[PDB]
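In: any chance you can model this:
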Amino acid sequence: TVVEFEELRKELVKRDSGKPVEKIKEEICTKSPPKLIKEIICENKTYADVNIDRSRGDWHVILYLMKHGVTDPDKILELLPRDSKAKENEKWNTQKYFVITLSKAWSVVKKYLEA
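Out: Numbers count the residues shown, from 1 in each chain. What follows is the structure:
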């Protein structure tokens, strides 16, 4: 288990955008027309403003950033809204659930981008 997380850690930093989040939000907001994922990141609003489930939003938001070319867990995390389950939880459950969503999200996009 632990060794599989270190294998994921090296894979993300190898596929990361290598650019700071302050630059990422510029490319995020000019690479797509109006969209649910764009509404969250380009206006700093929260899931309750778009009336979506916080766990469902965390899925589509995380998979989208990976397709944008950014994959560092600190960049993906920093762009999540206030109501994110990966930002508001029992603290210890925050880090646990974040990796469960991050590891499965990266699994779906990496098999999709290498297709």
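In: rest of the way, CA atoms for contacts and neighbours
Out: Fine.
In: mind saving the C-alpha coords of stretch 77-87 as CSV?
Out: The C-alpha trace of stretch 77-87 is given here as CSV (Å, rounded to 0.1, in the frame of the first residue of the first chain):
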residue,chain,number,x,y,z
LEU,A,77,-5.7,20.7,-4.0
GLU,A,78,-5.2,24.5,-4.1
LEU,A,79,-7.9,24.8,-6.8
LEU,A,80,-10.6,22.9,-5.0
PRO,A,81,-13.5,25.0,-3.6
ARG,A,82,-14.3,25.7,0.0
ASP,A,83,-16.9,23.0,0.3
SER,A,84,-14.6,20.3,-1.0
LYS,A,85,-14.5,17.1,1.0
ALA,A,86,-10.7,17.2,0.4
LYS,A,87,-10.6,20.6,2.3
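In: pull out the buried positions in the strand or helix carrying residue 105.
Out: For residue 105, the enclosing helix or strand under DSSP states H and E is helix 92-113. By neighbour count on 16 or more other Cα atoms under 10 Å, the buried set for helix 92-113 is 97-98, 101-103, 105-106, 109.
In: which strands and helices lie in contact with it?
Out: On a contact count with 3 or more Cα pairs under 8 Å, 6 or more residues apart in numbering; DSSP states H and E, helix 92-113 meets helix 54-68.
In: contacting residues around the closest residue to residue 64 other than its chain neighbours?
Out: Using Cα to Cα, 6 or more residues apart in numbering and skipping residues adjacent in sequence, the residue nearest residue 64 is residue 37, 7.7 Å away. Shown in contact with residue 37 (Cα atoms under 8 Å, 6 or more residues apart in numbering): 60-61, 64.
In: out of those, which is nearest to residue 18?
Out: Closest approach between those and residue 18, by Cα to Cα: residue 64, at 16.8 Å.
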